[PDB]
């Protein structure tokens, strides 16, 4: 049965990881997790997201392919870092190393870039040119990519050691220093180096910062990361207070000010969507709240955030002609951008680690567990989130501390 009373003591402290799928009465859980990885990382061109990169017939590295029928396939730091995270959780070292080799060689902006704000950050969008060779489309970062790279590398160090191709630990500390020096404003993760008073709630993963604090050696840096953790929980608490009731109707938004206020409308040239939309990025917020509750303990704010958001989506489904909740809402109104696909259902299943409503849990968990693994033209984002969720709901998303 679903545990509707999640502990205030996290798995990171206790060592006790929940297996949500087992609580929900499912069978062949580990088999399904393993097949999900094998299909995503297999050469089947069906579920596959992991592809080799060669130059003049010489093997170089691997990437997660952001398949895109509208604008041409590209390669993103979020997908790359999420792939590495999946690989370390399942002890898949070659896959990890092949992805990290690609990131460090081809995504990393040089440390002596003429723009100091780009030095050592990871270019969010690459493509292969007409002759098949990789190039940077946009050098600007997507800072949750760096966050997941640092997380994944610290875990690789802890599981595998640092004497092979990579000194994972040194690579992780370098990544942490880059985040602190290039991607933070007053200890809150940035949306952009070039815009102040701006964050993306989906980039806030408080438990990662607590993990960082426990994996750096010096006192000042331990305190720094513990403060980022506390400030991140404050940002999310404040954002969830601000989106409660009218006018945002309990869903978090794409962009926020540093006090948690949703950004209204457009604020910069190049912005993809209005700031107050619950859209593709915002899907991840309650996934992150579930992660935090599981790993670091559930408090009243985690439970309220997820219960009210899932409550809104359930309500929105009852008021939809297609009998689905949709991918994009603004001020509680459906924006006609399609029924929820696999990745949104996946994010919402992870959120259940902070839920106190067994009925909600049944509905949202079964809607996720009944899905086939993503295929076709939209499988990059759907399939990436599906993989992460499979780990989180099977007790496989764990923190592996380094020893000093």
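Looking at (1) surrounded by fewer than 19 Cβ atoms within 10 Å (Cβ to Cβ); (2) on the phi < 0 side of the Ramachandran plot, which is the one condition that is false for residue 156?
It fails just one condition, (1).
Name the residues in segment 175-209 that are over 15 Å from the mean Cα position of the chain (by Cα), buried (at least 17 other Cβ atoms within 10 Å of the Cβ) and assigned to a helix (DSSP H, G or I), would you?
175, 176, 178, 179, 182
Taking residue 97, is it surrounded by fewer than 23 Cβ atoms within 10 Å (Cβ to Cβ), more than 17 Å from the chain's Cα centre (by Cα) and without any contact (Cβ under 8 Å) to a residue 24 or more places away in the chain?
Details: surrounded by fewer than 23 Cβ atoms within 10 Å (Cβ to Cβ): yes; more than 17 Å from the chain's Cα centre (by Cα): yes; without any contact (Cβ under 8 Å) to a residue 24 or more places away in the chain: no.
Considered against the rule, which asks whether it is surrounded by fewer than 23 Cβ atoms within 10 Å (Cβ to Cβ), more than 17 Å from the chain's Cα centre (by Cα) and without any contact (Cβ under 8 Å) to a residue 24 or more places away in the chain, residue 97 comes out as no.
So that you can scan it fast, the table gives a plain yes or no per residue for (1) in contact with a strand residue (DSSP E or B) (Cβ under 9 Å, 6 or more places away or on another chain); (2) closer than 21 Å to residue 292 by Cβ:
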position: 115; (1), (2): no, no
position: 134; (1), (2): yes, no
position: 154; (1), (2): no, yes
position: 163; (1), (2): no, no
position: 171; (1), (2): no, no
position: 184; (1), (2): no, yes
position: 196; (1), (2): yes, no
position: 199; (1), (2): yes, yes
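Looking only at segment 97-142, count every residue that is under 17 Å from residue 177 (Cβ atoms), in contact with a helix residue (DSSP H, G or I) (Cβ under 6 Å, 6 or more places away or on another chain) and not in a helix (DSSP H, G or I) and tell me the total.
4
Given the structure, is residue 104 touching a strand residue (DSSP E or B) at 6+ places or on another chain (Cβ under 6 Å) and surrounded by fewer than 18 Cβ atoms within 10 Å (Cβ to Cβ)? Please lay out each step first, then the result.
Details: touching a strand residue (DSSP E or B) at 6+ places or on another chain (Cβ under 6 Å): no; surrounded by fewer than 18 Cβ atoms within 10 Å (Cβ to Cβ): yes.
The answer is no for residue 104.
For segment 262-283, does any single residue satisfy the condition of being in a helix (DSSP H, G or I) and under 22 Å from residue 85 (Cβ atoms)? If you could, list the steps in order and put the result at the bottom.
Filtering segment 262-283 for residues in a helix (DSSP H, G or I) gives 283.
This time we only want the ones that are under 22 Å from residue 85 (Cβ atoms), so: 283.
Yes, the conditions are met somewhere in segment 262-283.
If residue 324 passes every condition in (1) closer than 30 Å to residue 75 by Cα; (2) free of Cβ contacts under 8 Å to residues at least 24 places away in the same chain; (3) touching a helix residue (DSSP H, G or I) at 6+ places or on another chain (Cβ under 9 Å) but one, which one does it miss?
Among (1) closer than 30 Å to residue 75 by Cα; (2) free of Cβ contacts under 8 Å to residues at least 24 places away in the same chain; (3) touching a helix residue (DSSP H, G or I) at 6+ places or on another chain (Cβ under 9 Å), the lone unmet condition for residue 324 is (1).
Looking at segment 51-62, can you tell me whether even one residue there is within 24 Å of residue 389 (Cβ to Cβ) and in contact with a helix residue (DSSP H, G or I) (Cβ under 9 Å, 6 or more places away or on another chain)? Break it down stepwise before answering.
Keep residues of segment 51-62 that are within 24 Å of residue 389 (Cβ to Cβ), which gives 51, 62.
Remaining after also requiring in contact with a helix residue (DSSP H, G or I) (Cβ under 9 Å, 6 or more places away or on another chain): 62.
So far as segment 51-62 goes, yes, one or more of its residues are within 24 Å of residue 389 (Cβ to Cβ) and in contact with a helix residue (DSSP H, G or I) (Cβ under 9 Å, 6 or more places away or on another chain).
Look through segment 244-263, keep the residues that are touching a strand residue (DSSP E or B) at 6+ places or on another chain (Cβ under 8 Å) and under 12 Å from residue 305 (Cβ atoms), and return whichever of them is surrounded by the most Cβ atoms within 10 Å (Cβ to Cβ).
The initial filter retains those residues of segment 244-263 that are touching a strand residue (DSSP E or B) at 6+ places or on another chain (Cβ under 8 Å), namely 248-249, 251-258, 262-263.
Still in the list and also under 12 Å from residue 305 (Cβ atoms): 251-252.
Numbers: 251: 26, 252: 28.
Applying the filter and picking the extreme gives 252.
Where residues in segment 210-239 are in contact (Cβ under 8 Å) with a residue 12 or more places away in the chain and not in a helix (DSSP H, G or I), which of them is farthest from residue 151 (Cα to Cα)?
Checking each candidate, the answer is 217.
Positions of Cβ are generated from backbone atoms using ideal geometry, with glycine treated the same way; all protein chains shown enter the neighbour counts. Every number here is computed from the coordinates shown, using simple stated rules; none is lab data.
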